[PDB]
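To be precise, the following lines are entry_5.cif, and they hold mmCIF, C-alpha atoms and all ligand atoms.
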data_model
#
loop_
_atom_site.group_PDB
_atom_site.id
_atom_site.type_symbol
_atom_site.label_atom_id
_atom_site.label_comp_id
_atom_site.auth_asym_id
_atom_site.auth_seq_id
_atom_site.Cartn_x
_atom_site.Cartn_y
_atom_site.Cartn_z
ATOM 1 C CA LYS N 182 -78.183 18.349 16.081
ATOM 2 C CA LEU N 183 -75.206 17.729 13.808
ATOM 3 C CA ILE N 184 -75.259 14.018 14.661
ATOM 4 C CA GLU N 185 -78.813 13.896 13.324
ATOM 5 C CA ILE N 186 -77.886 15.669 10.107
ATOM 6 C CA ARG N 187 -74.824 13.445 9.580
ATOM 7 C CA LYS N 188 -76.752 10.184 9.909
ATOM 8 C CA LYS N 189 -79.387 11.163 7.325
ATOM 9 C CA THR N 190 -77.038 12.784 4.793
ATOM 10 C CA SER N 191 -74.596 9.853 5.091
ATOM 11 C CA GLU N 192 -77.271 7.237 4.550
ATOM 12 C CA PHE N 193 -78.676 9.176 1.624
ATOM 13 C CA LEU N 194 -75.220 9.693 0.081
ATOM 14 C CA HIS N 195 -74.479 5.971 0.294
ATOM 15 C CA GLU N 196 -77.666 5.292 -1.660
ATOM 16 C CA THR N 197 -76.691 7.765 -4.346
ATOM 17 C CA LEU N 198 -73.230 6.202 -4.668
ATOM 18 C CA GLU N 199 -74.495 2.850 -5.963
ATOM 19 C CA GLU N 200 -75.382 4.415 -9.322
ATOM 20 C CA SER N 201 -72.841 7.261 -9.495
ATOM 21 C CA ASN N 202 -70.068 7.627 -12.093
ATOM 22 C CA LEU N 203 -67.344 9.581 -10.236
ATOM 23 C CA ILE N 204 -64.372 8.865 -12.493
ATOM 24 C CA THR N 205 -63.895 8.280 -16.194
ATOM 25 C CA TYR N 206 -61.657 5.216 -16.537
ATOM 26 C CA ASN N 207 -60.567 6.022 -20.118
ATOM 27 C CA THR N 208 -59.377 9.515 -19.059
ATOM 28 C CA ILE N 209 -56.823 8.181 -16.569
ATOM 29 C CA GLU N 210 -53.477 9.929 -17.166
ATOM 30 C CA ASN N 211 -51.251 7.166 -18.478
ATOM 31 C CA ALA N 212 -51.088 3.464 -19.188
ATOM 32 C CA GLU N 213 -49.294 2.438 -15.980
ATOM 33 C CA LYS N 214 -51.994 4.140 -13.893
ATOM 34 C CA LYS N 215 -54.740 2.404 -15.874
ATOM 35 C CA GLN N 216 -53.232 -1.029 -15.132
ATOM 36 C CA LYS N 217 -52.940 -0.140 -11.440
ATOM 37 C CA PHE N 218 -56.621 0.868 -11.596
ATOM 38 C CA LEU N 219 -57.555 -2.432 -13.284
ATOM 39 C CA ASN N 220 -55.528 -4.504 -10.817
ATOM 40 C CA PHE N 221 -57.027 -2.668 -7.857
ATOM 41 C CA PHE N 222 -60.653 -3.193 -8.925
ATOM 42 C CA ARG N 223 -60.072 -6.752 -10.160
ATOM 43 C CA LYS N 224 -58.631 -7.417 -6.706
ATOM 44 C CA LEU N 225 -61.436 -5.581 -4.940
ATOM 45 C CA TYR N 226 -64.212 -7.568 -6.647
ATOM 46 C CA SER N 227 -62.444 -10.892 -6.039
ATOM 47 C CA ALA N 228 -62.956 -10.536 -2.295
ATOM 48 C CA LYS N 229 -65.595 -12.749 -0.671
ATOM 49 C CA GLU N 230 -66.440 -14.319 2.680
ATOM 50 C CA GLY N 231 -63.546 -16.668 3.454
ATOM 51 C CA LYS N 232 -61.482 -14.759 0.893
ATOM 52 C CA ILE N 233 -60.554 -11.435 2.514
ATOM 53 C CA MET N 234 -58.453 -9.084 0.390
ATOM 54 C CA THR N 235 -55.788 -6.938 2.032
ATOM 55 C CA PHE N 236 -54.591 -3.632 0.552
ATOM 56 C CA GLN N 237 -51.496 -1.630 1.443
ATOM 57 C CA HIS N 238 -51.926 2.036 2.324
ATOM 58 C CA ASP N 239 -49.668 2.855 -0.609
ATOM 59 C CA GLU N 240 -51.690 0.581 -2.904
ATOM 60 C CA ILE N 241 -54.910 2.401 -1.967
ATOM 61 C CA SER N 242 -53.405 5.864 -2.080
ATOM 62 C CA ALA N 243 -52.330 5.564 -5.709
ATOM 63 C CA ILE N 244 -55.915 4.718 -6.747
ATOM 64 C CA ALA N 245 -57.451 7.284 -4.376
ATOM 65 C CA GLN N 246 -55.384 10.031 -6.013
ATOM 66 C CA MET N 247 -57.099 9.318 -9.355
ATOM 67 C CA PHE N 248 -60.392 10.530 -7.852
ATOM 68 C CA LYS N 249 -59.473 14.234 -8.007
ATOM 69 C CA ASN N 250 -61.686 16.956 -6.457
ATOM 70 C CA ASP N 251 -62.346 18.812 -9.733
ATOM 71 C CA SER N 252 -63.616 15.724 -11.491
ATOM 72 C CA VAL N 253 -65.439 14.270 -8.498
ATOM 73 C CA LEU N 254 -67.280 17.486 -7.625
ATOM 74 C CA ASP N 255 -68.309 18.038 -11.255
ATOM 75 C CA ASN N 256 -69.682 14.502 -11.260
ATOM 76 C CA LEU N 257 -71.768 14.920 -8.104
ATOM 77 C CA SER N 258 -75.417 15.984 -8.550
ATOM 78 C CA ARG N 259 -77.077 18.880 -6.715
ATOM 79 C CA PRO N 260 -78.722 16.541 -4.180
ATOM 80 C CA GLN N 261 -75.319 14.914 -3.500
ATOM 81 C CA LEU N 262 -73.602 18.292 -3.135
ATOM 82 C CA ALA N 263 -76.420 19.432 -0.802
ATOM 83 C CA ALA N 264 -76.089 16.358 1.390
ATOM 84 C CA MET N 265 -72.293 16.706 1.348
ATOM 85 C CA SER N 266 -72.519 20.370 2.374
ATOM 86 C CA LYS N 267 -74.833 19.663 5.302
ATOM 87 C CA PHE N 268 -72.609 16.776 6.408
ATOM 88 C CA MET N 269 -69.703 19.260 6.498
ATOM 89 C CA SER N 270 -71.905 21.555 8.648
ATOM 90 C CA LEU N 271 -72.281 24.170 5.895
ATOM 91 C CA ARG N 272 -75.530 25.809 4.766
ATOM 92 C CA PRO N 273 -75.937 24.857 1.086
ATOM 93 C CA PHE N 274 -77.802 27.356 -1.099
ATOM 94 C CA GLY N 275 -78.170 28.036 -4.828
ATOM 95 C CA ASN N 276 -77.575 25.996 -7.966
ATOM 96 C CA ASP N 277 -75.109 23.084 -8.185
ATOM 97 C CA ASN N 278 -72.355 25.436 -9.437
ATOM 98 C CA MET N 279 -72.774 27.572 -6.297
ATOM 99 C CA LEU N 280 -72.748 24.488 -4.070
ATOM 100 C CA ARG N 281 -69.471 23.416 -5.704
ATOM 101 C CA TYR N 282 -68.093 26.902 -4.996
ATOM 102 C CA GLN N 283 -69.042 26.824 -1.301
ATOM 103 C CA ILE N 284 -67.481 23.375 -0.860
ATOM 104 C CA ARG N 285 -64.283 24.403 -2.696
ATOM 105 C CA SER N 286 -64.135 27.618 -0.699
ATOM 106 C CA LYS N 287 -64.365 25.563 2.521
ATOM 107 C CA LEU N 288 -61.647 23.138 1.425
ATOM 108 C CA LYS N 289 -59.375 26.156 0.851
ATOM 109 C CA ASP N 290 -60.040 27.344 4.393
ATOM 110 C CA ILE N 291 -59.327 23.836 5.610
ATOM 111 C CA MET N 292 -56.104 23.845 3.559
ATOM 112 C CA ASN N 293 -54.925 27.109 5.154
ATOM 113 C CA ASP N 294 -55.881 25.780 8.561
ATOM 114 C CA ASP N 295 -54.125 22.425 8.059
ATOM 115 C CA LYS N 296 -50.800 24.148 7.335
ATOM 116 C CA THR N 297 -51.108 26.192 10.525
ATOM 117 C CA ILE N 298 -52.034 23.241 12.700
ATOM 118 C CA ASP N 299 -49.326 21.008 11.266
ATOM 119 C CA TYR N 300 -46.620 23.635 11.800
ATOM 120 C CA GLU N 301 -47.703 24.451 15.362
ATOM 121 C CA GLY N 302 -48.468 20.813 16.211
ATOM 122 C CA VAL N 303 -51.861 19.249 16.939
ATOM 123 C CA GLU N 304 -50.702 19.188 20.565
ATOM 124 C CA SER N 305 -50.839 23.008 20.633
ATOM 125 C CA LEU N 306 -54.617 23.014 20.106
ATOM 126 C CA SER N 307 -57.175 23.363 22.882
ATOM 127 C CA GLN N 308 -59.901 20.785 23.494
ATOM 128 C CA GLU N 309 -62.381 23.212 21.894
ATOM 129 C CA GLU N 310 -60.204 23.854 18.848
ATOM 130 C CA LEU N 311 -59.708 20.099 18.378
ATOM 131 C CA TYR N 312 -63.475 19.459 18.473
ATOM 132 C CA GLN N 313 -64.110 22.186 15.882
ATOM 133 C CA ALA N 314 -61.162 21.165 13.697
ATOM 134 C CA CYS N 315 -62.599 17.625 13.518
ATOM 135 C CA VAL N 316 -66.202 18.677 12.841
ATOM 136 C CA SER N 317 -65.069 20.876 9.928
ATOM 137 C CA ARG N 318 -63.191 17.981 8.343
ATOM 138 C CA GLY N 319 -66.058 15.491 8.396
ATOM 139 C CA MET N 320 -64.827 13.627 11.461
ATOM 140 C CA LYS N 321 -67.028 12.575 14.385
ATOM 141 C CA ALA N 322 -65.654 14.420 17.459
ATOM 142 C CA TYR N 323 -68.939 14.211 19.357
ATOM 143 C CA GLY N 324 -68.406 12.358 22.634
ATOM 144 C CA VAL N 325 -64.783 11.701 21.659
ATOM 145 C CA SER N 326 -61.846 11.926 24.089
ATOM 146 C CA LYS N 327 -59.295 14.717 23.639
ATOM 147 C CA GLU N 328 -56.520 12.194 22.891
ATOM 148 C CA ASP N 329 -58.669 10.528 20.230
ATOM 149 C CA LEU N 330 -59.437 13.913 18.682
ATOM 150 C CA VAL N 331 -55.706 14.532 18.441
ATOM 151 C CA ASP N 332 -55.115 11.150 16.756
ATOM 152 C CA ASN N 333 -58.044 11.727 14.376
ATOM 153 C CA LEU N 334 -56.616 15.102 13.433
ATOM 154 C CA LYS N 335 -53.132 13.618 12.985
ATOM 155 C CA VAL N 336 -54.607 11.002 10.633
ATOM 156 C CA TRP N 337 -56.343 13.709 8.588
ATOM 157 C CA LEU N 338 -53.115 15.726 8.341
ATOM 158 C CA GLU N 339 -50.931 12.770 7.317
ATOM 159 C CA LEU N 340 -53.365 11.749 4.561
ATOM 160 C CA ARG N 341 -53.855 15.346 3.290
ATOM 161 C CA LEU N 342 -50.431 16.988 3.692
ATOM 162 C CA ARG N 343 -48.183 14.002 3.115
ATOM 163 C CA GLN N 344 -50.184 11.308 1.240
ATOM 164 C CA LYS N 345 -52.173 13.819 -0.860
ATOM 165 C CA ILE N 346 -55.447 11.835 -0.735
ATOM 166 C CA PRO N 347 -58.100 14.013 -2.532
ATOM 167 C CA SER N 348 -60.101 15.890 0.110
ATOM 168 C CA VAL N 349 -63.564 15.378 -1.408
ATOM 169 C CA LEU N 350 -63.006 11.628 -1.508
ATOM 170 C CA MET N 351 -61.809 11.936 2.082
ATOM 171 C CA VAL N 352 -64.974 13.654 3.227
ATOM 172 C CA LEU N 353 -67.117 11.105 1.380
ATOM 173 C CA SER N 354 -65.187 8.261 2.995
ATOM 174 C CA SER N 355 -65.863 9.660 6.470
ATOM 175 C CA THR N 356 -69.655 9.520 5.913
ATOM 176 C CA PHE N 357 -69.112 5.774 6.296
ATOM 177 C CA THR N 358 -68.700 6.244 10.048
ATOM 178 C CA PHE N 359 -72.230 7.682 10.296
ATOM 179 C CA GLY N 360 -74.441 5.110 8.530
ATOM 180 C CA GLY N 361 -75.839 2.695 8.199
ATOM 181 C CA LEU N 362 -73.546 -0.270 8.833
ATOM 182 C CA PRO N 363 -71.307 -0.469 5.738
ATOM 183 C CA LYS N 364 -71.969 -3.192 3.156
ATOM 184 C CA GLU N 365 -69.249 -5.795 3.753
ATOM 185 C CA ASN N 366 -66.539 -5.645 1.087
ATOM 186 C CA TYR N 367 -64.410 -8.311 2.745
ATOM 187 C CA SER N 368 -61.430 -5.988 2.206
ATOM 188 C CA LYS N 369 -58.997 -4.376 4.608
ATOM 189 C CA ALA N 370 -56.234 -1.752 4.585
ATOM 190 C CA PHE N 371 -52.847 -2.220 6.266
ATOM 191 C CA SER N 372 -49.320 -0.843 6.484
ATOM 192 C CA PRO N 373 -46.536 -3.487 6.236
ATOM 193 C CA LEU N 374 -44.241 -1.350 8.369
ATOM 194 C CA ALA N 375 -46.899 -0.914 11.082
ATOM 195 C CA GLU N 376 -47.679 -4.627 11.062
ATOM 196 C CA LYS N 377 -44.076 -5.280 12.211
ATOM 197 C CA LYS N 378 -44.280 -2.969 15.247
ATOM 198 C CA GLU N 379 -44.336 -4.585 18.702
ATOM 199 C CA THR N 380 -47.262 -2.202 19.356
ATOM 200 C CA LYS N 381 -49.315 -0.285 16.792
ATOM 201 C CA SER N 382 -50.341 3.159 18.013
ATOM 202 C CA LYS N 383 -53.966 4.334 18.135
ATOM 203 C CA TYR N 384 -52.819 6.584 15.307
ATOM 204 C CA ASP N 385 -51.780 3.521 13.270
ATOM 205 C CA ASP N 386 -55.118 1.860 14.013
ATOM 206 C CA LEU N 387 -57.034 5.027 13.089
ATOM 207 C CA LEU N 388 -55.002 5.264 9.904
ATOM 208 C CA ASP N 389 -56.131 1.749 8.858
ATOM 209 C CA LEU N 390 -59.782 2.576 9.634
ATOM 210 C CA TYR N 391 -59.525 5.690 7.467
ATOM 211 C CA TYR N 392 -58.176 3.801 4.486
ATOM 212 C CA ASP N 393 -60.959 1.253 5.121
ATOM 213 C CA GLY N 394 -63.521 4.015 4.713
ATOM 214 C CA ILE N 395 -61.806 4.916 1.464
ATOM 215 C CA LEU N 396 -62.062 1.290 0.272
ATOM 216 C CA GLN N 397 -65.716 1.494 1.319
ATOM 217 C CA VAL N 398 -66.337 4.396 -1.070
ATOM 218 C CA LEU N 399 -64.459 2.550 -3.789
ATOM 219 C CA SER N 400 -66.613 -0.535 -3.275
ATOM 220 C CA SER N 401 -69.803 1.558 -3.265
ATOM 221 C CA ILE N 402 -69.804 2.759 -6.872
ATOM 222 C CA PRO N 403 -70.583 0.708 -10.017
ATOM 223 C CA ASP N 404 -67.586 -1.101 -11.526
ATOM 224 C CA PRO N 405 -65.655 1.875 -12.920
ATOM 225 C CA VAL N 406 -64.142 -0.300 -15.669
ATOM 226 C CA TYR N 407 -67.613 -1.062 -17.072
ATOM 227 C CA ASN N 408 -69.393 2.265 -16.568
HETATM 228 K K K X 501 -47.725 0.955 2.838
#
Take the structure from the file and write it as structure tokens.
Ligand SMILES: [K+]
Amino acid sequence: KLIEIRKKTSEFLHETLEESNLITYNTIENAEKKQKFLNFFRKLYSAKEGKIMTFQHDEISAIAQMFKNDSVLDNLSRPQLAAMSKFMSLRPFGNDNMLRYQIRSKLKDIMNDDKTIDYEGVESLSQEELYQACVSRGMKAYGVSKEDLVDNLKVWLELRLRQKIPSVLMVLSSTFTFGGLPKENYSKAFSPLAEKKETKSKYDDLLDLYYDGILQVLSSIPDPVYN
């Protein structure tokens, strides 16, 4: 069962993260980005019980975009790539270079598919196509209502097509719905605009939860400013 595979590979991946170096802080493009990076992590680690830190979607997205696929995939080990492949319902085989190729190949398929779906509208998809679309992108889908599948897929498309959040980081962040209750980071994502709506949509709520999974990955690794 996929659910089975996702629970074990997620839990394993979360273990690996605690000692992974996924980004090189000193190789960040420019000086303004480095200070954003410093501010973000300083803020992250200042959170504590009775001292919850809130992060804007746009605040998180700028940091998230520094964890680029090329660099992240090259930094993942073979066991991490294997677990990541299985989580994405692929059959991993070969050396780490081949695993990277299979994952990249898949992300290209997903890219071509995302364009199609976004142009036609998620509402044009059948129940069965929604289910499959979500599985392929690292999203639950199992036991999930059609409407919720639609909203999940809309969230994925906004973050990928419009916010440009790196897809590998995205997949890794979604493993945090399959643990393994996440280690509390006392941090939370929000959109100022959405917080002023008389009613936030399920989409808006799902968008916050997604950014929260991203924060969860960012709180999982060793302090990037030290390592
Ligand atoms: K925002």
Taking only C-alpha atoms into account, which of N:261, N:266, N:366, N:317 comes nearest residue 290 (chain N)?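 Checking each candidate against residue 290 (chain N), we get N:317 as the closest.
Proximity of N:396, N:349, N:342, N:243 to ligand K 501 (chain X), computed with all atoms listed in the file, is greatest for N:243.
Using all atoms listed in the file, the nearest neighbour of residue 293 (chain N) within the list N:406, N:322, N:338, N:362 is N:338.
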Distance filter 12 Å around ligand K 501 (chain X), atoms: all atoms listed in the file, out as a ChimeraX atom specification: /N:235-243,344,370-377,385,388-389,392
Selection result for the PyMOL selection byres (((chain N and resi 201-213) around 8) and not hetatm) on this file, as a ChimeraX atom specification: /N:197-200,214-217,247-248,252-253,256-257,402-403,405-406,408
Can you list, as a PyMOL selection string, every protein, DNA or RNA residue that comes within 8 Å of region 304-310 of chain N when you count all atoms listed in the file, leaving out same-chain residues fewer than 5 positions away? chain N and resi 298+327+331
Written file, previous selection with C-alpha atoms, as a tab-separated table (two decimals), in the frame of the given file:
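Output file out.tsv is given in full below:
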chain	number	residue	atom	x	y	z
N	298	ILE	CA	-52.03	23.24	12.70
N	327	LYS	CA	-59.30	14.72	23.64
N	331	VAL	CA	-55.71	14.53	18.44
Distance criterion (all atoms listed in the file): nearest to residue 250 (chain N) out of N:191, N:276, N:348, N:354: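 Among the listed residues, N:348 lies closest to residue 250 (chain N).
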Explicit residues for the PyMOL selection byres (((chain N and resi 193) around 12) and not hetatm) (as a tab-separated table (two decimals) with C-alpha atoms, in the frame of the given file):
chain	number	residue	atom	x	y	z
N	186	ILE	CA	-77.89	15.67	10.11
N	187	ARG	CA	-74.82	13.44	9.58
N	188	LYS	CA	-76.75	10.18	9.91
N	189	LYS	CA	-79.39	11.16	7.32
N	190	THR	CA	-77.04	12.78	4.79
N	191	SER	CA	-74.60	9.85	5.09
N	192	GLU	CA	-77.27	7.24	4.55
N	194	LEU	CA	-75.22	9.69	0.08
N	195	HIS	CA	-74.48	5.97	0.29
N	196	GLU	CA	-77.67	5.29	-1.66
N	197	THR	CA	-76.69	7.76	-4.35
N	198	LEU	CA	-73.23	6.20	-4.67
N	199	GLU	CA	-74.50	2.85	-5.96
N	260	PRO	CA	-78.72	16.54	-4.18
N	261	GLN	CA	-75.32	14.91	-3.50
N	262	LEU	CA	-73.60	18.29	-3.14
N	263	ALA	CA	-76.42	19.43	-0.80
N	264	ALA	CA	-76.09	16.36	1.39
N	265	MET	CA	-72.29	16.71	1.35
N	267	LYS	CA	-74.83	19.66	5.30
N	268	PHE	CA	-72.61	16.78	6.41
N	353	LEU	CA	-67.12	11.10	1.38
N	356	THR	CA	-69.66	9.52	5.91
N	357	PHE	CA	-69.11	5.77	6.30
N	359	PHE	CA	-72.23	7.68	10.30
N	360	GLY	CA	-74.44	5.11	8.53
N	361	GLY	CA	-75.84	2.70	8.20
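What separates CA of residue 355 (chain N) from CA of residue 231 (chain N) is a distance of 26.6 Å.
Shortest atom-to-atom contact with residue 183 (chain N) among N:297, N:358, N:270, N:246: N:270, counting all atoms listed in the file.
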Quick one: everything within 12 Å of residue 296 (chain N), counting all atoms listed in the file, minus sequence neighbours fewer than 3 positions away in the same chain. Send it as a ChimeraX atom specification. /N:289-293,299-303,337-339,341-343
